[PDB]
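The sequence lines fix the lettering, A, B, ..., with proteins before strands; numbering per chain opens at 1. Atoms considered below: every heavy atom in the structure, side chains included; atoms not considered: hydrogens, waters and symmetry mates.
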Amino acid sequence: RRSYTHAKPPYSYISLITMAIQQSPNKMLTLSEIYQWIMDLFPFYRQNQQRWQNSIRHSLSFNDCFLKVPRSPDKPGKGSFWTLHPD
DNA sequence: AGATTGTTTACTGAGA
DNA sequence: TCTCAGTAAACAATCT
Ligand SMILES: [K+]
């Protein structure tokens, strides 16, 4: 068995996150759902996950276009949801 | 206790 | 030359 090389798809981390959220049924995703959507669709991101996931977490917090949404206390779980800022 | 999630600072290189 | 994107890492809050 051998490994194969994929080229990075042409999207910034902001675009990848935005597309992930826009296509989801509730217009909001957890962090791991975002990782999973990106890996499901772009096989380039099935490698170096320690790196690019650090960068996704950084971009979610650093950029004002991403908004954290708390879980309702009646539905507790790991992490919060991420949605797009209403502007 | 350990791992994940989230925030923050500091670089650094791409590109205009 | 200057902005922004992506990397690295420290550290804390909050999960398992
Ligand atoms: K944010």
Those residues at least two apart in sequence (or on a different chain) that pass ring-ring contact (aromatic ring centres under 6.0 Å, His included) with A:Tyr13 are none
Heavy atoms of other groups near A:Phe44 CZ, more than 12 under 6.0 Å = yes
Those residues at least two apart in sequence (or on a different chain) that pass ring-ring contact (aromatic ring centres under 6.0 Å, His included) with A:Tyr35 are A:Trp52
Quick note, A:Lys68 side chain, CB onward, closest among B:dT5, B:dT7, C:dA8 is B:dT7
State, yes or no, whether a side-chain contact exists between A:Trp82 and A:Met28 at a heavy-atom distance under 4.5 Å.
-> no
Quickly work out the A:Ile17 CD1 to C:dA5 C1' distance and round it to whole Å.
-> 12 Å
Can you check the A:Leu60 CG to B:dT4 P distance for me, whole Å?
-> 17 Å
At under 4.0 Å, does any side-chain N or O of A:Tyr13 touch on OP1 or OP2 of C:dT7?
-> yes
When you get a sec, tell me which of B:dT5, B:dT7, C:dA8 is the closest nucleotide to the side chain of A:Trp82?
-> B:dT7
To the nearest angstrom, how far is A:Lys78 atom NZ from B:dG2 atom P?
-> 19 Å
A:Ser80, nearest nucleotide to its side chain (from C:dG6, C:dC15, B:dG6) = B:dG6
Which nucleotides of nucleotides 8-16 of chain B have their base under 4.0 Å from a protein heavy atom (B), which only their sugar-phosphate (S), and which neither (-), written as one string 5' to 3'?
-> BBB------
Scan side-chain atoms only and decide if A:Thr18 and A:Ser15 contain a donor-acceptor pair under the 3.5 Å cut-off.
-> no
Whole-Å distance separating the CZ atom of A:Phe66 from the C1' atom of B:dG6 = 14 Å
Nearest whole angstrom, please: distance from the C1' of B:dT4 to the CD1 of A:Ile34.
-> 14 Å
Length of the line joining A:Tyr11:OH and C:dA5:P, which is rounded to integer Å | 17 Å
Any side-chain heavy-atom pair of A:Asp87 and A:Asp64 under 4.5 Å | no
To the nearest Å, give me how far apart CD (A:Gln53) and P (B:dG6) are.
-> 13 Å
How many Å lie between CH2 on A:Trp52 and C1' on C:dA8, as a whole number?
-> 17 Å
So do A:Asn26 and A:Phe81 actually touch side chain to side chain, heavy atoms under 4.5 Å?
-> no
Sugar-phosphate only, base, or nothing, as touched by A:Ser12 at under 4.0 Å among non-hydrogen atoms = sugar-phosphate
